[PDB]
């Protein structure tokens, strides 16, 4: 039996360092025999805004619009917009979701935030109850592959930015773990715009090399202690 991978990719420029890391992931996972799909959010002009257009059916309560409630129900009625349900198919079938993005404001670019907000709806990714370790995507793996402007030392506890692990918490725990994913350790490629040609090559090579044995890695313990120390 093989493995299915979805790469959710958020960068405007094919020739960027992010583009290189995404292409390398496709090549290496494809070479392994994996089933691979890429959602290139900017080329898709993916809609990030959570709005009433996300539901192609009778809006249940059209007097007071509640996005959570309307999308939950629309999920059950199979009446979500097709951009959403197309992504949900991709996610439903994946054994591994990789997110490839440059860090914007200690988080994901908005187009990618919008993918999280609209795709990962109640009924689909979680239920109440049915989250964290009972999240509806248990059994899947997830991996953040992030590039920064800041260097590694800036992202240490004694540095100006604090530990890079600090900003991971809403993504790794708040989102991914919440939906039931097991989380592989993040790939962080620090400061590529500042690095030499060779350092950049080494970072891209370190990532393809990691992907070779990706199916053998254990998930991190996705806890407050992993992220915060103490």
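Between two forms, the rigid core is defined as the largest C-alpha subset superposing within 1.5 Å. Numbering follows the first chain given and starts at 1.
Visitor: Fitting on the rigid core only, I'd like to know which of the two stretches, 109-117 or 125-133, ends up farther away in Cα terms in 9 other deposited structures of this protein.
Guide: Once the core is superposed, the stretch further away in 9 other deposited structures of this protein is 125-133.
Visitor: Any chance you could tell me whether 162-170 or 59-67 drifts more in 9 other deposited structures of this protein, judged by RMS CA distance from this form after superposing on the core?
Guide: Higher average C-alpha offset in 9 other deposited structures of this protein goes to 59-67.
Visitor: Higher average CA B factor in the deposited record is what I'm after, so tell me if that's 138-146 or 70-78.
Guide: Of 70-78 and 138-146, the stretch with the higher C-alpha B-factor average is 70-78.
Visitor: Select between 118-126 and 96-104 the stretch whose C-alpha atoms have the higher average B-factor in the entry.
Guide: According to the entry, 118-126 carries the higher average C-alpha B-factor.
Visitor: Test of reading the entry: by CA B factor among the chain's modelled residues, which third contains residue 58?
Guide: Lowest third.
Visitor: Would the CA B-factor of residue 200 place it in the lowest, middle or highest third of its chain?
Guide: Answer is highest: the recorded C-alpha B-factor places it there.
Visitor: Which third, lowest, middle or highest, does the C-alpha temperature factor of residue 87 belong to within its own chain?
Guide: For residue 87, the deposited C-alpha B-factor lands in the lowest third.
Visitor: Please rank the C-alpha B-factors of the chain's modelled residues and tell me whether residue 215 sits in the lowest, middle or highest third.
Guide: Its C-alpha B-factor belongs to the highest third of this chain's values.
Visitor: Determine, from the deposited record, the chain-internal third of the Cα B-factor for residue 52: lowest, middle or highest.
Guide: Its C-alpha B-factor belongs to the middle third of this chain's values.
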